[PDB]
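Data block below; observations after.
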Amino acid sequence: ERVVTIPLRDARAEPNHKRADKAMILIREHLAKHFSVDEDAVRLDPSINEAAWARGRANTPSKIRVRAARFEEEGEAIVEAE
Amino acid sequence: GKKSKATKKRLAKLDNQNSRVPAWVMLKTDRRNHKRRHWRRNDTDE
Amino acid sequence: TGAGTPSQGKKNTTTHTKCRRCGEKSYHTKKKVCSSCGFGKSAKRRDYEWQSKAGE
Amino acid sequence: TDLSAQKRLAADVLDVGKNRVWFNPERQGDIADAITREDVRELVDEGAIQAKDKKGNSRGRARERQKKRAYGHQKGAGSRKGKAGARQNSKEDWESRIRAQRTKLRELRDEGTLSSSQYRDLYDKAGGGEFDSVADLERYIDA
Amino acid sequence: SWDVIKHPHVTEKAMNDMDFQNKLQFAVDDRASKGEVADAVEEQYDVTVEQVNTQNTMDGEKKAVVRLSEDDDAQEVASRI
RNA sequence: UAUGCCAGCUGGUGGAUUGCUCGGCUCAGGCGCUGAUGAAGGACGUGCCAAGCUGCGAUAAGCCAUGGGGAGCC
RNA sequence: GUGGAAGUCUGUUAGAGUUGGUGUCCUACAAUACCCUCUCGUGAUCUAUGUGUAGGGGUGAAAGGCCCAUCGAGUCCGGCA
RNA sequence: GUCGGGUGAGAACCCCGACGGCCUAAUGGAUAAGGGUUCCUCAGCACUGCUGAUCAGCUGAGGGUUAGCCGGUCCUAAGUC
RNA sequence: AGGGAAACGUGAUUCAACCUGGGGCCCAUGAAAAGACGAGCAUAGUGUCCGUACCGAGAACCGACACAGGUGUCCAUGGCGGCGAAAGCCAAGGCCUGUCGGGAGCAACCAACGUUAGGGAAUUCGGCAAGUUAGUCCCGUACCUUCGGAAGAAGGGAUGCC
RNA sequence: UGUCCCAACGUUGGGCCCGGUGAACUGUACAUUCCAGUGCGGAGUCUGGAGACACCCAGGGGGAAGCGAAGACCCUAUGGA
Ligand SMILES: [Cl-]
Ligand SMILES: [Cl-]
Ligand SMILES: [Mg+2]
Ligand SMILES: [Mg+2]
Ligand SMILES: [Mg+2]
Ligand SMILES: [Mg+2]
Ligand SMILES: [Mg+2]
Ligand SMILES: [Mg+2]
Ligand SMILES: [Mg+2]
Ligand SMILES: [Mg+2]
Ligand SMILES: [Mg+2]
Ligand SMILES: [Mg+2]
Ligand SMILES: [Mg+2]
Ligand SMILES: [Mg+2]
Ligand code: NA
Ligand code: NA
Ligand code: NA
Ligand code: NA
Ligand code: NA
Ligand code: NA
Ligand code: NA
Ligand code: NA
Ligand code: NA
Ligand code: NA
Ligand code: NA
Ligand code: NA
Ligand SMILES: [Sr+2]
Ligand SMILES: [Sr+2]
Ligand SMILES: [Sr+2]
Ligand SMILES: [Sr+2]
Ligand SMILES: [Sr+2]
Ligand SMILES: [Sr+2]
Ligand SMILES: [Sr+2]
Ligand SMILES: [Sr+2]
Ligand SMILES: [Sr+2]
Ligand SMILES: [Sr+2]
Ligand SMILES: [Sr+2]
Ligand SMILES: [Sr+2]
Ligand SMILES: [Sr+2]
Ligand SMILES: [Sr+2]
Ligand SMILES: [Sr+2]
Ligand SMILES: [Sr+2]
Ligand SMILES: [Sr+2]
Ligand SMILES: [Sr+2]
Ligand SMILES: [Sr+2]
Ligand SMILES: [Sr+2]
Ligand SMILES: [Sr+2]
Ligand SMILES: [Sr+2]
Ligand SMILES: [Sr+2]
Ligand SMILES: [Sr+2]
Ligand SMILES: [Sr+2]
Ligand SMILES: [Sr+2]
Ligand SMILES: [Sr+2]
Ligand SMILES: [Sr+2]
Ligand SMILES: [Sr+2]
């Protein structure tokens, strides 16, 4: 378990009206990588969803501090806002 | 629309004819309802 | 307005209906005349020699 | 589990739009067994099924504007969109004025201040649009 | 000569009408009137008919909803057939 | 030696071919009117389960009589 | 000043229509469609249903227009191989 | 649309919640014509569905339309027999 | 009575519906019939027959289709806005089915579209396309004219908030 | 005033790669062509040379006198209207 700061500047690569969506993806990929786990095993707590969609589908925050934990036999992660 | 009593009887009959060939008729004849109609795909008379 | 597809949408009038006399859906409910058997027009049944080849 | 039918019954029993009925997430199983309307009312009392509140537009910002305007503000040239006669109907305004002038003249007469003949002269002049307002009429009466 | 009563119409909705409203439901000849349905029912089960509502069904038949008097008991009537 | 060409082998696909015929086509002989005593035709019903065909008509794949027939039938 | 006329004006009110883009489409969403622009919008107005006029005949403020995707003579079958 | 969750052998698109959105003469409510059971329930996914499908206007089986006072029914219109 | 968890209001303005009047127009004159009223009251009995589901449309209708087309009526008084049944935003209500998704800062090229220095129609058959102007108030307004008009001519100024 | 000088950068949807779904047009045969010539005088296929290792992706369309339609022009028919 640790606190990490995820940069979401790469969402700008996707069309503007769909940034929120790409954000939620970048977040899952970042945790999967930095916690050495499969993306399928990463669980994003709704708190994170709401943070990214706060300004609608086109206005994503440039970064987001997220608190994630790693455990269990198969290896999974649980993440949330902070 | 407004259906008369007679129109209604005919519509009902058509609905009944729209059933399947009973399973036993299958065994007995040892192996289709050629008149199977659909309300949308088809058009009834009148 | 085209005579084709767009003009087909206006068609919701009932004309030809099941005929009391012959059972065909040819009784014109506006004319009250069957185009198939002649009901409403003649006591005799509608018939014509041109409904078949001349020598048959 | 599929609760769309239950949503329809709930909207009816709660007398609200389907979009406002709320089903407790932790009780999908019980709501799913709800077959009858009675089963629905039962769950309603249990609070497992509730009706979200409907909104009403706030009129606060409108009320402030109404005040400023009733006080004569926020109606400068830059705030008008309609033609003058559209902002105030002229025939309608004349009806207001002429009636007020005739009521005035009618009161002065029964009161004794005006003789039926002085009243006539003024009444006919009012009808000819001689006075801009009641005050204008009074000012004239005072010679 | 066609008969008035064809057979009891037995369905969930029919039973409710029987347990809760003292009503019996019948499939009847569609040429029969409400009055002819009342008479026939009284003569067949020796009961007193109070009201009869009819409906020409999408099965090509006529359904009748016969309410008996408080003197009779639908549940018990239908239960003897 | 990949992509691939030609012929064949095993297996498909397809339904030709051969064989078969409850259907046709044509000829010949016999026969020949029905209906208000409501015909022909149609509609809707009618079966334990019954959608189609056939039959039948609220007595609804059937009722009665006489003769035939026969240990099966629905 | 009053009054409120008008085959009157503005108007994507409803509603009717369609100047240009020679835009989009052109094995289409569509055998006549889509978008913007554009015209009419109290009248010779628009519109629903009912009803009448039938083929060398209708109907036509006339374009040989229209009479069920068909018209300088409809459609079907027959004449007919 | 997205995040969680539900059901299921199987879930991007079947259901719940949250967050995010779309429609305001309509993408809402009642209806005429026309359609004809498409309505409701249960069980299903070979068929139909611009992908998938546990879903459905699809398949199987049942069920559903209750009137003295709402229509028809009555009257007559252009006009028809 | 009913309904509501509860309270279970009182006044006012503007007033669709509905009611009732006044005026004007016609080389145009705006149905008929059944029926009803006229013509009281009690109690009782009778009131049969047919329709009744559902869709009513970017999937239930017509268009071969779950077709961006076509298809009548009433909801024309929900809030802000403003002249407004206009735009834009928002309720009630409906929907995420104008139903395939995943991925590449996602190249060329195409469809829609934003911004372009200086020049300013040189482009082109042609200013085609795009743009310029714009609402409201004040000032002011030519030729011509059938005296109606031309006219919003043109041109000039103003516009928020407190 | 990006119509133009003279084009640039950006936005959204496609285009490209991946999963699933999955047509049509067209097809005498052969076919890697190019330059000349020849030929019914407008040849990928004949002749002479030149060039040419096979396969695949993307592209804009030079050629196949490309595909689509038994030329709507013209003439001819002891044709039609
Ligand atoms: Cl009705
Ligand atoms: Cl008055
Ligand atoms: Mg059924
Ligand atoms: Mg289900
Ligand atoms: Mg005036
Ligand atoms: Mg009834
Ligand atoms: Mg008409
Ligand atoms: Mg669709
Ligand atoms: Mg520039
Ligand atoms: Mg030039
Ligand atoms: Mg222009
Ligand atoms: Mg030719
Ligand atoms: Mg010629
Ligand atoms: Mg000639
Ligand atoms: Na149909
Ligand atoms: Na029955
Ligand atoms: Na004979
Ligand atoms: Na059968
Ligand atoms: Na005057
Ligand atoms: Na145009
Ligand atoms: Na002719
Ligand atoms: Na308003
Ligand atoms: Na889908
Ligand atoms: Na430009
Ligand atoms: Na080419
Ligand atoms: Na000709
Ligand atoms: Sr259809
Ligand atoms: Sr026209
Ligand atoms: Sr159209
Ligand atoms: Sr019509
Ligand atoms: Sr006749
Ligand atoms: Sr004859
Ligand atoms: Sr049934
Ligand atoms: Sr006008
Ligand atoms: Sr106008
Ligand atoms: Sr043009
Ligand atoms: Sr344009
Ligand atoms: Sr075209
Ligand atoms: Sr007006
Ligand atoms: Sr035509
Ligand atoms: Sr012929
Ligand atoms: Sr399967
Ligand atoms: Sr349904
Ligand atoms: Sr008033
Ligand atoms: Sr209803
Ligand atoms: Sr509706
Ligand atoms: Sr539509
Ligand atoms: Sr809402
Ligand atoms: Sr789908
Ligand atoms: Sr800028
Ligand atoms: Sr020029
Ligand atoms: Sr020039
Ligand atoms: Sr100015
Ligand atoms: Sr050679
Ligand atoms: Sr290409």
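Every chain is numbered from 1 and lettered A, B, ... according to where its sequence line falls, protein lines coming before strand lines. Every heavy atom of this structure was used, including side-chain atoms; hydrogens, water molecules and symmetry mates were not.
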If you apply the rule salt bridge (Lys or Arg N to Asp or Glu O under 4.0 Å), what do you find for D:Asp45 with D:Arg41, and how did you get there? CA-CA 6 Å; D:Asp45 294 347; D:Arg41 303 186 180 93; over 6 Å; no
Quick one: do D:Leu43 and D:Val40 satisfy side-chain contact (heavy atoms from CB on, under 4.5 Å)? Show the steps, please. CA-CA 5 Å; D:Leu43 286 165; D:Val40 174; 5.9 Å; no
Going through the checks in order, is the salt bridge (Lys or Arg N to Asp or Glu O under 4.0 Å) test met by A:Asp21 and A:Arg57? CA-CA 7 Å; A:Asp21 305 53; A:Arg57 197 184 192 191; 2.8 Å; yes
Derivation of the side-chain contact (heavy atoms from CB on, under 4.5 Å) call for B:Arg20 and B:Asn33: CA-CA 6 Å; B:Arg20 183 140 191 172; B:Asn33 184 309; 5.7 Å; no
Before you tell me yes or no, could you show the steps for D:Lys104 and D:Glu138 under salt bridge (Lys or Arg N to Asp or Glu O under 4.0 Å), namely the whole-Å CA-CA distance, both residues' side-chain angles and the distance that decides it to 0.1 Å? CA-CA 9 Å; D:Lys104 186 63 175 191; D:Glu138 300 171 318; 2.8 Å; yes
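Heavy atoms only, all atoms of each residue included: A:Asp38 and A:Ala32 are closest at C-CB, 4.1 Å. Considering all non-hydrogen atoms of both residues, A:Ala68 and A:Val79 come closest at CB-CG2, 3.4 Å. When all heavy atoms of A:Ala52 and A:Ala20 are compared, the closest pair comes out as O-CB, 4.3 Å. A:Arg65 and A:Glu82 make their closest contact through CB-OE1, 3.0 Å (heavy atoms, listed as atom of the first residue, atom of the second, distance). Across all non-hydrogen atoms, the minimal contact from E:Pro8 to E:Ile81 is CG-CD1, 4.0 Å. Considering all non-hydrogen atoms of both residues, E:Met18 and E:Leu24 come closest at CG-CD2, 4.5 Å.
Ion pairing between a basic and an acidic side chain is recognised when a charged N comes within 4.0 Å of a carboxylate O; D:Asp121 and D:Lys125 show such pairing. Salt bridge D:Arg27/D:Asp30: present, at least one basic N to carboxylate O contact under 4.0 Å. At a threshold of 4.0 Å, the pair D:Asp12-D:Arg8 does not count as salt-bridged, since none of the basic side-chain nitrogens sits closer than that to a carboxylate oxygen. By the 4.0 Å N-to-carboxylate-O rule, C:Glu56 lies too far from C:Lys53 to be salt-bridged with it. The existence of a salt bridge linking E:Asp30 and B:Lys9 is confirmed by a sub-4.0 Å separation between a basic side-chain nitrogen and an acidic carboxylate oxygen. For the pair E:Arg31 and E:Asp29, the salt-bridge criterion is met [side-chain N within less than 4.0 Å of a carboxylate O].
Using a 4.5 Å heavy-atom cutoff, the side chains of A:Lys22 and A:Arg12 are not in contact. When side chains are defined from C-beta on, B:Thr7 counts as touching B:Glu46, because their heavy atoms get closer than 4.5 Å. Side-chain atoms of D:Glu130 and D:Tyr140, non-hydrogen and from C-beta on, never get closer than 4.5 Å to each other. In this structure, the side chains of A:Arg67 and A:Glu1 come closer than 4.5 Å at one or more pairs of heavy atoms. Put simply, the side chain of A:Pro7 does not reach to within 4.5 Å of the side chain of A:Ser62, judged on heavy atoms. Residues A:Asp10 and A:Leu8 are not in side-chain contact: their nearest non-hydrogen atoms beyond the backbone lie 4.5 Å or more apart. Side-chain contact between E:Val66 and E:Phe26 is present, with heavy atoms from C-beta onward closer than 4.5 Å. In this structure the side chain of A:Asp45 never reaches within 4.5 angstrom of the side chain of A:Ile78, judged on heavy atoms.
Looking only at distances, no side-chain donor or acceptor of B:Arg37 sits under 3.5 Å from a matching main-chain atom of B:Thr44. Of the possible polar contacts, none joining the B:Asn18 side chain to the B:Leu14 backbone as a donor-acceptor pair under 3.5 Å is found. Checking side-chain atoms of D:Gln88 against main-chain N and O of D:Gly85 turns up no donor-acceptor pair under 3.5 Å. A donor-acceptor distance shorter than 3.5 angstrom exists from the side chain of B:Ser19 to the backbone of B:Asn16, with no hydrogens or angles considered.
In summary, the side chains of D:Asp93 and D:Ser90 do not present any donor paired with an acceptor at a separation below 3.5 Å, with no hydrogens or angles considered.
Residues that satisfy the ring pair (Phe, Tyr, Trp, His ring centres under 6.0 Å) test with D:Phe23, not counting sequence neighbours, are absent from this structure. Residues passing the side chain to side chain donor-acceptor pair (under 3.5 Å) test with D:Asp136, sequence neighbours excluded: none. In this structure, the ring pair (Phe, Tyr, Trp, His ring centres under 6.0 Å) partners of A:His30, at least two apart in sequence or on a different chain, are A:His34. By the ring pair (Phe, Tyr, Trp, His ring centres under 6.0 Å) test, A:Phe71 pairs with no residue at all, sequence neighbours left out. The side chain to side chain contact (heavy atoms under 4.5 Å, CB included) check on E:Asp73 picks up E:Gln75, E:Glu76, with sequence neighbours excluded. Residues meeting the side chain to side chain contact (heavy atoms under 4.5 Å, CB included) test with A:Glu73, sequence neighbours left out: none. For A:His17, the ring pair (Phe, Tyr, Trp, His ring centres under 6.0 Å) test picks out no residue, with sequence neighbours left out. Shown here are the salt bridge (charged side-chain N to carboxylate O under 4.0 Å, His left out) partners of D:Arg99, two or more places apart in sequence or in another chain: there are none. Looking at residues two or more places apart in sequence or on another chain, you find no salt bridge (charged side-chain N to carboxylate O under 4.0 Å, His left out) involving D:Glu26.
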Cut-off 3.5 Å, no hydrogens considered: what does the side-chain donor-acceptor table look like for residues 39-61 of chain E, sequence neighbours left out?
residue : atom : partner : partner atom : Å
E:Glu42 : OE2  : E:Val49 : N            : 2.9
E:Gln51 : OE1  : E:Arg67 : NH1          : 3.2
E:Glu61 : OE1  : E:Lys6  : NZ           : 3.0

Result block: side-chain N/O donor-acceptor pairs under 3.5 angstrom for residues 47-76 of chain D, not counting sequence neighbours:
residue : atom : partner : partner atom : Å
D:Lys75 : NZ   : D:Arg69 : O            : 3.4

Could you go through residues 2-19 of chain C and list every donor-acceptor pair under 3.5 Å that involves a side-chain atom there, pairing it with any protein atom two or more places apart or in another chain?
residue : atom : partner : partner atom : Å
C:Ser7  : OG   : C:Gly2  : O            : 2.7
C:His16 : ND1  : C:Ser26 : O            : 3.4
C:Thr17 : OG1  : C:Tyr27 : O            : 3.0

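Shown here is B:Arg31, whose CZ atom has no more than 12 heavy atoms of other residues, nucleotides or ligands within 6.0 Å. Within a 6.0 Å sphere centred on CD of C:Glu49, heavy atoms belonging to other residues, nucleotides or ligands number 12 at most.
Both tests do not hold together for C:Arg46 against C:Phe39: distance to the six-membered ring centre under 6.0 Å, angle to the ring axis within 45°. The side-chain tip of A:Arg70 does not point at the ring of A:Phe35 from less than 6.0 angstrom away and within 45° of straight on.
Residue B:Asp15 holds its CG atom at 15.5 Å from CZ of B:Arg10, rounded to the nearest 0.5 Å. One finds the CZ atom of D:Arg102 at 13.0 Å from the CG atom of D:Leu122 (value rounded to the nearest 0.5 Å). Taking CG of A:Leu26 as the reference point, atom CD1 of A:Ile6 lies at 10.0 Å (rounded to 0.5 Å). Distance NZ/C:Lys32 to CZ/C:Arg20: 9.0 Å, rounded to 0.5 Å. In this structure, CD on A:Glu14 lies 9.5 Å from CG on A:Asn16, to the nearest 0.5 angstrom.
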